[PDB]
Each structure stands twice: as structure tokens, then as C-alpha cells.
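Read the structure below first, then the notes.
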Amino acid sequence: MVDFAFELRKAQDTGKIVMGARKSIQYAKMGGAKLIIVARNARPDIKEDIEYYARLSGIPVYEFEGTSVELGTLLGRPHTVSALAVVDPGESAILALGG
């Protein structure tokens, strides 16, 4: 089974992830992300925009069970992270979350 925290960090360290709604949308429009992860408390309209642009490109979206605080903490940040895009999974199995 995917250990979310482990594989997310492994993606961050060995691949390429980009943090935040703005960047997540940009990558979604260009079809540049392989997965978008949204915190469960991401702003409703932002979550909906992400889901929309991801759907246009066939990019899977995964909702993280925790808050933007918990997601930021997982990513080593002292601030909230509401969404992120996995551009390159590196050596990780994070993309299995796309189903």
C-alpha cells in the first residue's frame, strides 16, 4: 500500500513537485503535472478549479485526508499548503494514488 507521507517526501526529494494552487493550475492547463494533491480544506472554488483543469488534461487529482497545515508540515514547510503538483515522481510510487 502507498505510505502517503513517505512517497510524497520521496517524490519531493528524488523527483519534482511544485507547491500552491497557482502553480498547480498552471501545470494543469499545460498538462504538465502527473498528479495534483489537494488538502481537504483547500478553498472550495480553488479545489473546483483544480479539478476542472485536471479533468481537461486527464490528470488525476487526489484529496489528502488532512488539513493544509498537515500537508505543509509533511512537505517541510512552516506555512500551509493547500495544493501541490507532482511533475516528476522521481523514484517514488506517489502516482499510484491516481488509481
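Ordering of the C-alpha cells sets the chain letters (A, B, ...); residue numbers start at 1 within each chain; ligands are numbered from 1 in the order shown.
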
Note to self: Can you tell me, as a list in words, which residues in range 5-97 of chain A count as strand (DSSP E) by DSSP?
What the structure shows: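 In range 5-97 of chain A, DSSP puts these residues in strand (DSSP E): residues 16, 17, 18, 19, 35, 36, 37, 38, 39, 61, 62, 63, 64, 83, 84, 85, 86, 87 and 88 of chain A.
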
The selected residues should be written to file as a PDB file, in the first residue's frame (atoms: N, CA, C and O atoms).
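Once written, again_23.pdb looks like this:
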```pdb
ATOM      1  N   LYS A  16      10.242  15.958  -8.771  1.00  0.00           N
ATOM      2  CA  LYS A  16       9.968  17.387  -8.821  1.00  0.00           C
ATOM      3  C   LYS A  16       8.494  17.590  -8.486  1.00  0.00           C
ATOM      4  O   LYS A  16       7.609  17.061  -9.176  1.00  0.00           O
ATOM      5  N   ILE A  17       8.246  18.309  -7.393  1.00  0.00           N
ATOM      6  CA  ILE A  17       6.899  18.762  -7.046  1.00  0.00           C
ATOM      7  C   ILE A  17       6.889  20.281  -6.941  1.00  0.00           C
ATOM      8  O   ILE A  17       7.917  20.894  -6.632  1.00  0.00           O
ATOM      9  N   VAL A  18       5.741  20.883  -7.244  1.00  0.00           N
ATOM     10  CA  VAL A  18       5.574  22.326  -7.139  1.00  0.00           C
ATOM     11  C   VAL A  18       4.386  22.608  -6.234  1.00  0.00           C
ATOM     12  O   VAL A  18       3.351  21.937  -6.309  1.00  0.00           O
ATOM     13  N   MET A  19       4.547  23.603  -5.370  1.00  0.00           N
ATOM     14  CA  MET A  19       3.604  23.839  -4.283  1.00  0.00           C
ATOM     15  C   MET A  19       2.699  25.040  -4.542  1.00  0.00           C
ATOM     16  O   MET A  19       3.150  26.073  -5.056  1.00  0.00           O
ATOM     17  N   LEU A  35       0.101  14.347 -11.248  1.00  0.00           N
ATOM     18  CA  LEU A  35      -0.884  14.203 -10.191  1.00  0.00           C
ATOM     19  C   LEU A  35      -0.992  15.531  -9.474  1.00  0.00           C
ATOM     20  O   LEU A  35       0.001  16.204  -9.267  1.00  0.00           O
ATOM     21  N   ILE A  36      -2.201  15.894  -9.091  1.00  0.00           N
ATOM     22  CA  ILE A  36      -2.412  17.057  -8.233  1.00  0.00           C
ATOM     23  C   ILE A  36      -3.009  16.565  -6.915  1.00  0.00           C
ATOM     24  O   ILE A  36      -3.926  15.753  -6.900  1.00  0.00           O
ATOM     25  N   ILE A  37      -2.437  17.019  -5.805  1.00  0.00           N
ATOM     26  CA  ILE A  37      -2.900  16.641  -4.485  1.00  0.00           C
ATOM     27  C   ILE A  37      -3.456  17.903  -3.846  1.00  0.00           C
ATOM     28  O   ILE A  37      -2.796  18.934  -3.871  1.00  0.00           O
ATOM     29  N   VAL A  38      -4.672  17.814  -3.307  1.00  0.00           N
ATOM     30  CA  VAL A  38      -5.328  18.939  -2.653  1.00  0.00           C
ATOM     31  C   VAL A  38      -5.635  18.543  -1.214  1.00  0.00           C
ATOM     32  O   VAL A  38      -6.071  17.421  -0.966  1.00  0.00           O
ATOM     33  N   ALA A  39      -5.374  19.457  -0.279  1.00  0.00           N
ATOM     34  CA  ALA A  39      -5.776  19.284   1.115  1.00  0.00           C
ATOM     35  C   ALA A  39      -7.292  19.328   1.205  1.00  0.00           C
ATOM     36  O   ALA A  39      -7.954  19.979   0.399  1.00  0.00           O
ATOM     37  N   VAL A  61      -6.509  13.722  -9.699  1.00  0.00           N
ATOM     38  CA  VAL A  61      -6.477  14.544  -8.514  1.00  0.00           C
ATOM     39  C   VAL A  61      -6.669  13.648  -7.304  1.00  0.00           C
ATOM     40  O   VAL A  61      -7.535  12.774  -7.304  1.00  0.00           O
ATOM     41  N   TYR A  62      -5.874  13.860  -6.264  1.00  0.00           N
ATOM     42  CA  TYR A  62      -6.011  13.078  -5.037  1.00  0.00           C
ATOM     43  C   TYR A  62      -6.266  14.011  -3.880  1.00  0.00           C
ATOM     44  O   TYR A  62      -5.501  14.948  -3.680  1.00  0.00           O
ATOM     45  N   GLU A  63      -7.326  13.761  -3.115  1.00  0.00           N
ATOM     46  CA  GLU A  63      -7.583  14.562  -1.924  1.00  0.00           C
ATOM     47  C   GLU A  63      -6.914  13.965  -0.687  1.00  0.00           C
ATOM     48  O   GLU A  63      -7.255  12.871  -0.224  1.00  0.00           O
ATOM     49  N   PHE A  64      -5.951  14.709  -0.163  1.00  0.00           N
ATOM     50  CA  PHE A  64      -5.269  14.368   1.076  1.00  0.00           C
ATOM     51  C   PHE A  64      -6.239  14.504   2.249  1.00  0.00           C
ATOM     52  O   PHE A  64      -6.926  15.511   2.391  1.00  0.00           O
ATOM     53  N   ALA A  83      -2.510  22.881  -2.028  1.00  0.00           N
ATOM     54  CA  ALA A  83      -2.403  22.038  -3.212  1.00  0.00           C
ATOM     55  C   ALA A  83      -0.962  21.963  -3.698  1.00  0.00           C
ATOM     56  O   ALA A  83      -0.173  22.884  -3.484  1.00  0.00           O
ATOM     57  N   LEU A  84      -0.630  20.867  -4.374  1.00  0.00           N
ATOM     58  CA  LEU A  84       0.674  20.708  -4.980  1.00  0.00           C
ATOM     59  C   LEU A  84       0.543  19.849  -6.237  1.00  0.00           C
ATOM     60  O   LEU A  84      -0.441  19.125  -6.406  1.00  0.00           O
ATOM     61  N   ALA A  85       1.534  19.944  -7.114  1.00  0.00           N
ATOM     62  CA  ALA A  85       1.547  19.165  -8.325  1.00  0.00           C
ATOM     63  C   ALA A  85       2.808  18.331  -8.387  1.00  0.00           C
ATOM     64  O   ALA A  85       3.913  18.842  -8.213  1.00  0.00           O
ATOM     65  N   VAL A  86       2.629  17.041  -8.637  1.00  0.00           N
ATOM     66  CA  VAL A  86       3.739  16.146  -8.880  1.00  0.00           C
ATOM     67  C   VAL A  86       4.038  16.217 -10.372  1.00  0.00           C
ATOM     68  O   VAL A  86       3.260  15.743 -11.203  1.00  0.00           O
ATOM     69  N   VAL A  87       5.160  16.848 -10.697  1.00  0.00           N
ATOM     70  CA  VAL A  87       5.612  16.998 -12.082  1.00  0.00           C
ATOM     71  C   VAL A  87       6.423  15.765 -12.508  1.00  0.00           C
ATOM     72  O   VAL A  87       6.323  15.297 -13.649  1.00  0.00           O
ATOM     73  N   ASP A  88       7.225  15.254 -11.570  1.00  0.00           N
ATOM     74  CA  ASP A  88       8.104  14.118 -11.766  1.00  0.00           C
ATOM     75  C   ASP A  88       8.064  13.328 -10.446  1.00  0.00           C
ATOM     76  O   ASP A  88       8.445  13.856  -9.407  1.00  0.00           O
TER      77      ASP A  88
END
```

Next item on the list: Could you find all residues in chain A that DSSP calls alpha helix (DSSP H) from the backbone, and write them as number ranges by chain?
Entry: A: 4-14, 21-30, 44-57, 68-74

Note to self: Neighbouring residues of residue 74 in chain A were defined as those with any atom within 9 Å, considering only C-alpha atoms; residues of the same chain fewer than 2 positions away were excluded. Please report them as a list in words.
What the structure shows: residues 5, 8, 9, 69, 70, 71, 72, 76 and 77 of chain A

Write a file of the just-selected residues containing N, CA, C and O atoms, as a CSV table (one decimal), in the first residue's frame.
```
chain,number,residue,atom,x,y,z
A,5,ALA,N,2.8,9.8,3.3
A,5,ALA,CA,3.9,10.7,3.8
A,5,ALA,C,5.2,10.3,3.2
A,5,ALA,O,6.0,11.1,2.8
A,8,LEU,N,5.3,10.8,-0.8
A,8,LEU,CA,5.2,12.2,-1.1
A,8,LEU,C,6.6,12.9,-0.9
A,8,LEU,O,7.1,13.6,-1.7
A,9,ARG,N,7.2,12.6,0.3
A,9,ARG,CA,8.5,13.1,0.6
A,9,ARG,C,9.5,12.6,-0.5
A,9,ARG,O,10.4,13.3,-0.9
A,69,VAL,N,-2.4,22.6,6.9
A,69,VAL,CA,-1.3,22.7,7.9
A,69,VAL,C,-0.5,21.3,7.9
A,69,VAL,O,0.7,21.3,7.8
A,70,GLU,N,-1.3,20.2,8.0
A,70,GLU,CA,-0.7,18.9,8.0
A,70,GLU,C,0.2,18.6,6.7
A,70,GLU,O,1.3,18.0,6.7
A,71,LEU,N,-0.4,19.0,5.6
A,71,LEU,CA,0.3,18.9,4.3
A,71,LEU,C,1.6,19.7,4.2
A,71,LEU,O,2.6,19.3,3.8
A,72,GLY,N,1.5,21.0,4.6
A,72,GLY,CA,2.7,21.9,4.7
A,72,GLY,C,3.7,21.2,5.6
A,72,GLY,O,4.9,21.1,5.2
A,76,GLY,N,7.7,19.8,4.8
A,76,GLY,CA,8.8,20.5,5.4
A,76,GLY,C,8.7,22.0,5.5
A,76,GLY,O,9.6,22.8,5.7
A,77,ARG,N,7.4,22.5,5.3
A,77,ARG,CA,7.2,24.0,5.3
A,77,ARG,C,6.5,24.5,6.6
A,77,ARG,O,5.7,23.7,7.2
```

Any idea what's packed within 6 Å of range 50-53 of chain A, counting only C-alpha atoms, ignoring anything in its chain fewer than 5 positions away? Could you give it as a PDB file with C-alpha atoms, in the first residue's frame?
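Printed below is out-v2.pdb as written:
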```pdb
ATOM      1  CA  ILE A  25      -3.336  25.315 -12.025  1.00  0.00           C
ATOM      2  CA  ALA A  28      -2.767  21.534 -15.089  1.00  0.00           C
ATOM      3  CA  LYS A  29      -3.531  23.909 -18.022  1.00  0.00           C
TER       4      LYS A  29
END
```

Check: Mind pulling up the distance from CA of residue 14 in chain A to CA of residue 90 in chain A?
Finding: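 Going from CA of residue 90 in chain A over to CA of residue 14 in chain A covers 4.6 Å.
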
Note to self: I want to know what sits within 9 Å of residue 94 in chain A, based on only C-alpha atoms, with residues of the same chain fewer than 3 positions away left out; could you give that as a PyMOL selection string?
What the structure shows: chain A and resi 2-4+6-8+10-11+35+86+89+97-98
